[PDB]
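Single chain ahead, written as structure tokens, the form deposited in one PDB entry.
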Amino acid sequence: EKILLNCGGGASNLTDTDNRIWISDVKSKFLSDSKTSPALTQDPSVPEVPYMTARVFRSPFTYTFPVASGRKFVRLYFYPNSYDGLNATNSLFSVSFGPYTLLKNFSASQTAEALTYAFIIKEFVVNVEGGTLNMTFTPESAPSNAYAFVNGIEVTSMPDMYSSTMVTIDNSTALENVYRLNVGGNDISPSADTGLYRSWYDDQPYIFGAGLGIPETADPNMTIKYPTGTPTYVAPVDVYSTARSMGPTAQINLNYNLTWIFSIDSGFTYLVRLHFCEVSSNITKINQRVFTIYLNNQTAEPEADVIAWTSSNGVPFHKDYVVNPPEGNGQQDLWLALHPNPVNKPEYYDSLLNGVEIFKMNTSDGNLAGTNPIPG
């Protein structure tokens, strides 16, 4: 159950580099006057679908989607560029879904340059109470000729997966997914996900130190055995089948932290889901691999031990933590770090992580919009 809307598309269907079919919005029943435009310049790193066309808004504009009630992935696709004669500099706008502000004075141009991406996918988890999802694009008034645009819109059905421990999430809290990592493994494209069209990304660009540890992969004879009550779609087999650990030398592992850093917007509470699965055949018992998990240099799990959590090799497991980052304005770094805990003299001195998902949670105002990041 999904809608892949290629805003400003041509008449005929186009498939992207992941074998997904996108439909044009040009005469669709989702429009509620805007202009259509190819992007002026091309980037070889940017797919053609849906990024080489946009719909351009010089005044407020609402898409309406007939949907079943329930929770939704809403994913918005932006390739900053010149559209309809207007340079990417002049694009500043807001996006509202009912009570929630998803974007506010959003600059795709400045956000892309800060993060060194050529294009932007914004992912939101929202609950639609009724039979329609309305999303309103509103150019800022502040620059006199400011405009809004969008390259594509995706709406996907989902179970209630990410709901309810600081270092309640429910029907009324919207999320923005800011990160999703397959730790120790490869990228997973949306169509290789478990039916939720989530992108998982290799974790290596986020490792802080020179301490990259080592990748580990499940043996081919090992099955990933989700327990009854943990849905198999919580994360793909390839997330749990791969992991990063610290290395084979105990003395080295005692002297560094396996560390990942994530740029986040200040002023929000963050949900961090950590995924685990003991992938080494050499590890089957309690007190063989025991480690401490630090979030933002604070103890979050004193003695994580995946066999004590899962009872057995090759069993997928996850745990959620909420982080309240320090008082701030702009962007700051969120620190995740693993370190062996030798106090109970485990057999090895090592740590383990298989995946991570990080979500911004909305403030009480219904806001999810942060500031635009500043380039280096």
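In case it trips you up, residue 1 is the first one in the sequence shown, and so on.
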Check: Does the entry skip any residues of the deposited sequence between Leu133 and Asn134, and if so, is it 1 to 3, 4 to 9, or 10 or more, or none at all?
Finding: none
Notebook entry, point to check: How many missing residues of the deposited sequence lie between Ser164 and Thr165 in the entry, grouped as none, 1 to 3, 4 to 9, or 10 or more?
Noted result: 4 to 9
Notebook entry, point to check: For the C-alpha atoms alone, is the average B factor greater in 213-221 or in 119-127, going by the entry?
Noted result: 213-221
Next item on the list: Would you mind comparing 276-284 and 194-202 for me and telling me which has the higher average C-alpha temperature factor in the entry?
Entry: 276-284
Margin query: If I read the C-alpha B-factors straight from the PDB entry, which of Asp187, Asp305, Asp170, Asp238 is highest?
Written below: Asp170
Notebook entry, point to check: So among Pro231, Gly152, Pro80, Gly98, who wins on Cα B-factor in the entry?
Noted result: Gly98
Checklist line | For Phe30, the third of its chain into which the C-alpha B factor falls | finding: highest
Check: Considering only modelled residues of the same chain, in which third does the CA B-factor of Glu347 rank: lowest, middle or highest?
Finding: highest
Item checked: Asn354 - Cα temperature factor, lowest/middle/highest third of chain -> lowest
Next item on the list: Rank-wise, by C-alpha B-factor, drop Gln298 into the lowest, middle or highest third of its chain.
Entry: middle
Check: Split the chain's modelled residues into thirds by Cα B-factor; is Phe93 in the lowest, middle or highest one?
Finding: middle
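Omitted here: the form solved in complex with a partner chain. The next part is about that form.
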Check: Which one, 150-158, 272-280, 220-228, 206-214, holds residues whose non-hydrogen atoms are within 4.5 Å of the partner chain in the entry with it bound?
Finding: 206-214
Checklist line | in the entry with it bound, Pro248 touching the partner chain (heavy atom, 4.5 Å) | finding: yes
